[PDB]
Structures are given as structure tokens and as C-alpha cells.
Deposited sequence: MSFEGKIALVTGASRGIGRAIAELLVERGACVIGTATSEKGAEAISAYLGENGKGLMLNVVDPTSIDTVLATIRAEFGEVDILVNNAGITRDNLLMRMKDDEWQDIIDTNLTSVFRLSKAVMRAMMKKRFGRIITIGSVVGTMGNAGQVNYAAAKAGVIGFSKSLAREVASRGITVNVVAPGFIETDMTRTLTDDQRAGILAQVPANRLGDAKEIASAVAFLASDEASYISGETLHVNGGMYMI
């Protein structure tokens, strides 16, 4: 259980972020989900209830980060747990990929982790406790065609986490990555099922479970690690 802990889950509107936010709430956490719109933030608040609050965050905007965090520090307190699930895709072959499509993915999926991690670190070091978890992807390891930007960002996240893990290990702060396989998405056959040995798509809840485990005090000695939830895939 996360009694008295404050967890910040970016992109907590639906799917994995929502599952993670809901599961953390269920186990006594003070969760704070984010969206890119006030509407989504309200939608988040609605299902979070009095246990947490939904806020509008733009991971690419430093100002937004500062503002949202200031709100979090003012209303609730210092962030003990950080879940980076904010991410987008701009798929294209190498040819036909605009600088925009590359840079956006880099800014949203990689640089954001640096910014947000950097923003909450001091309080964690001070408090002698911290959890930084980033939802990565299997294609950050495999990777995948038409996703050079995504694979680059998601590999970069692993590198970042492993590099950071060595930096703040002695201070009871762990930095890890969770890599989902083919999870059940809003979008969703044979191509996906054939790849996975388990013969079934993963559930967001299953990812939330992994994150929740890494977030708990039972994973205090696990850091700079990449946990793969893909049902035998890869």
C-alpha cells in the first residue's frame, strides 16, 4: 500500500495511465493524473474522486511543468512517485519522416522524462525516498520499422533511467522502466497474436500491476531495470 504517498501519473486519462492511476488510488496513494486538455483533466478528476486530482499538463512546455508542479506542491505536497506515461507516435519510414515528426516524439517521449525527473528529484533526495518509473515499449528494444523516432526515444529512456539509477541509488531512489508488449488499446489481429506466445493481448491492469510493484517498498533494491510485460514475446 502507498499510505501517505503522492504519485504523479502523466497521461492518466485512459488505458495504461488510467489503470496505473486507479490501481495506485486503490492502494492508498494520493494520485495526480494529467491530460493535455482541461476537459481530460476534469475527466480524470471525475474517476479519481477525492483521492486525487486531474490536471492539465504539457510535457514539452517547461512553464506548464513548473505550474502544474507548483499546484501539486501547494495543494497536496512533494511528489514521491513519478510515472511517465505521456507519449505519442508519429509513424513513418525514414524517408517521408518530417523533422517535425521526429522532434515531436523526441521532445514528448524523451526530453519530458528528463525535465519531469529533474523537477521532482530534489525533494526525493531530500526525503531520502523516490520512485521514477517510465512506461517504455518493446520497440525501444526490438525495435520496429517505421518507428525510428519512437524506438530512439524509448531506447533513450532506458539509457537515461540506467544512467540516473547509478546517480541516486545511495539515496533510496530507484529509476526503472516498464515495457509493455501489445497491450489492448483504444485502436483494437493475427499479426499481433502470432508475435505473442501468450496468444492474447496484455491488459492495462497487468501493466499497472508491474508499475505498482516497482512503486512499492518491495522493489527498493530494484533500480535501472527494464521490466518487460509481453507474455513471452521478444
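Where C-alpha coordinates are absent, the deposited sequence of this PDB chain has the segments 1, 190-196, 243-244.
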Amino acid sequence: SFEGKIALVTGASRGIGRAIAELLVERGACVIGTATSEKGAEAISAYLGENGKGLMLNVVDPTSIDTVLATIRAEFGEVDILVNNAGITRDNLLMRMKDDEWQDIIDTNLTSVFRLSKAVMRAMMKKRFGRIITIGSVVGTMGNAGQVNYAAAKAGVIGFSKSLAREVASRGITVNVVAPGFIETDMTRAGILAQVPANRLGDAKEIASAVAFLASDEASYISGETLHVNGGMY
From here on, numbers count along this sequence of modelled residues.
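Look at the C-alpha B-factors of 121-129 and of 159-167. On average they run higher in 121-129. According to the PDB record, 195-203 carries the higher mean C-alpha B-factor of the two stretches 29-37 and 195-203. Taking the PDB entry at face value, the top CA B factor among 135, 82, 95, 153 belongs to 95.
Residue-level temperature factors show residue 52 in the highest third of its chain, judged at the C-alpha atom. The deposited CA B-factor of residue 147 belongs to the middle third of values across its chain. In the PDB entry, residue 86 places in the middle third of its chain by CA B-factor. When the modelled residues of the chain are ordered by their C-alpha B factor, residue 64 lands in the highest third. Among all modelled residues in its chain, residue 58 ranks in the middle third by Cα B-factor.
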